[PDB]
Amino acid sequence: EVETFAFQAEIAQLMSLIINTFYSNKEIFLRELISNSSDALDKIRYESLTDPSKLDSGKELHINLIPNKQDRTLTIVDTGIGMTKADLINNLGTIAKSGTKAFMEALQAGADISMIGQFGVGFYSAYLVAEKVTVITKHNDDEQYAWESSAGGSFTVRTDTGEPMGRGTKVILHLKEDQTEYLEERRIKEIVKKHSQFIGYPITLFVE
Ligand SMILES: *[SH](=O)(O)c1cccc(CNCCCn2c(Sc3cc4c(cc3I)OCO4)nc3c(N)ncnc32)c1
């Protein structure tokens, strides 16, 4: 069963801006997604200090970057806190609305798209390089969900019946046809070294 939802107008506008604005520095999407994973790993780690059973779903805290040229996907996998259905449908949109407003105001004052993470909406930078984004996520006391959007004003959520993850999030970037450089080992390594070199969890770049 697949549920279809409308983005808030402000978030649809942000996604359109990211898709339509001419901006060549697209590589910053990876820093934003790795930062989000690092934050999620920080969160499960700190919560586990007062409730160690929150790691029953997996003790290892890490990030995997998995390119697949057959599928034309780049996947960012973490074993962080994960997201609930309530996050996916309601709560993330609440903070994304205020963050988008501040980001738009900063852009009008001369800021550039690379500062998007300062406004809490860095996830949507995925649409600099992806025509579709699928997010598989599992939070401790909730089901495994698949979120998906090709923009256009809507997203879907369904219960995921794929390989169980234990706990964490996979962001699957279905790359635009002209953005396949982000499947190349040398290019991904270059970007991680430039923008994500002090992340406090192992980042494993898979090879194909
Ligand atoms: S906690 O609950 O005290 C707490 C403290 C501070 C902040 C938060 C809220 N964190 C939300 C993180 C969401 N998120 C992201 S970004 C993101 C992902 C997706 C959408 C929108 C956004 I904005 O729509 C679909 O997916 N990336 C995350 C990862 N990798 N893991 C967990 N949470 C993530 C809570």
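Residues numbered from 1 in each chain as written, not as in the entry; some residues may be left out. Heavy atoms only, no water. Residues with missing side-chain atoms left out of burial classes, pairs and counts.

## Re the packing of helix α2 (residues 28-50) against helix α4 (residues 185-195)
Consideration 1: Direction vectors running N to C along α2 and α4 enclose 65°, while the axes themselves pass 9 Å from each other. In this structure, the crossing between α2 and α4 has a hand that is right-handed. Between α2 and α4, the residues in contact are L30, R31 and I34 and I188, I191, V192 and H195, respectively.
Consideration 2: Taken together, the residues of the contact of α2 with α4 break down into five nonpolar, one polar and one charged. (Axes fitted to C-alpha atoms, helices over the stretch in contact; angles between N-to-C directions. Helix = DSSP H or I, 4+ residues; strand = E, 2+ residues; numbered from the N terminus. Left-handed = near helix turned anticlockwise from the far one by under 90°. Contact = heavy atoms within 4.5 Å. Nonpolar A, V, L, I, M, F, W, Y, C, P; charged D, E, K, R; others polar.)

## With respect to the packing of aromatic side chains
Consideration 1: Across all of its chains, the model carries eight aromatic pairs by this definition.
Consideration 2: Both rings, one in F123 and one in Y124, keep their centres 5.2 Å apart while their planes meet at 80°; by these two values the pair is edge-to-face.
Consideration 3: An aromatic cluster is built from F5, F7, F123, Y124, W147 and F155, whose rings are joined through pairwise contacts. (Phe/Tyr/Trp six-rings, centres within 6.5 Å; stacked < 30°, edge-to-face > 60°.)

## A look at the pairing of strand β7 (residues 168-175)
Consideration 1: Among the eight residues that make up β7, seven are buried, leaving the element largely enclosed by the rest of the structure.
Consideration 2: Strand direction decides the pairing type here: strand β3 (residues 73-78) and β7, joined by six bridges, are antiparallel. In the strand pairing of β7, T73 is matched with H174.
Consideration 3: As paired strands, strand β4 (residues 130-138) and β7 are joined by eight bridges and run antiparallel to one another. When the sheet's bridge partners are listed, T134 is paired in β7 with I172. (Buried < 20%, exposed > 50% of the residue type's maximum accessible area, 1.4 Å probe, protein only. Pairing = 2+ DSSP bridges.)

## Brief notes about the site of the ligand
Consideration 1: The environment of the ligand is formed by 14 residues, the closest being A40, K43, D78, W147 and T169.
Consideration 2: One of the side-chain nitrogen or oxygen atoms of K43 is found 2.5 Å away from an oxygen atom of the ligand.
Consideration 3: In this structure, a nitrogen atom belonging to the ligand sits 3.4 Å away from a side-chain N or O atom of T169.
Consideration 4: Within the complex, 66% of the 770 Å² of free accessible area of the ligand lies under protein.
Consideration 5: The element that contributes the greatest number of residues to the shell around the ligand is α2, accounting for four residues.
Consideration 6: Looking at the shell around the ligand, its residues break down into seven nonpolar, five polar and two charged. (Near = heavy atom within 4 Å. Polar contact = N/O pair within 3.5 Å; in protein donor to acceptor, adjacent residues only side chain to side chain. Areas by Shrake-Rupley, 256 points an atom, 1.4 Å probe, with all protein chains shown as cover.)

## A word on the pattern of salt bridges
Consideration 1: In total, this model carries 14 salt bridges according to the counting rule given.
Consideration 2: Of the charged contacts, one joins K194 and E27 as a salt bridge, the two residues approaching to 3.3 Å between their closest N and O atoms. Here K194 is found in helix α4, whereas its partner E27 is found in the loop between α1 (9-20) and α2, with 167 residues between them in sequence.
Consideration 3: In this structure, the salt-bridge partner of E47 is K43, at a minimum N-O distance of 3.8 Å. Remark: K43 and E47 occur in helix α2; sequence separation between them is four residues, near one turn of the helix. (Salt bridge = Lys/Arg side-chain N within 4 Å of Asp/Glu carboxyl O.)

## Examining the packing of α1 against helix α3 (residues 85-108)
Consideration 1: Axis separation between α1 and α3 bottoms out at 9 Å; the angle between their running directions is 45°. The angle between α1 and α3 falls in the class oblique. Between α1 and α3 lies a crossing of left-handed hand. Residues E10, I11, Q13, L14 and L17 of α1 form the contact with α3, whose own contacting residues are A96, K97, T100, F103, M104 and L107.
Consideration 2: Of the residues assigned to the contact of α1 with α3, the class counts are seven nonpolar, two polar and two charged. (Parallel < 35°, antiparallel > 145°, perpendicular 65-115°, else oblique.)

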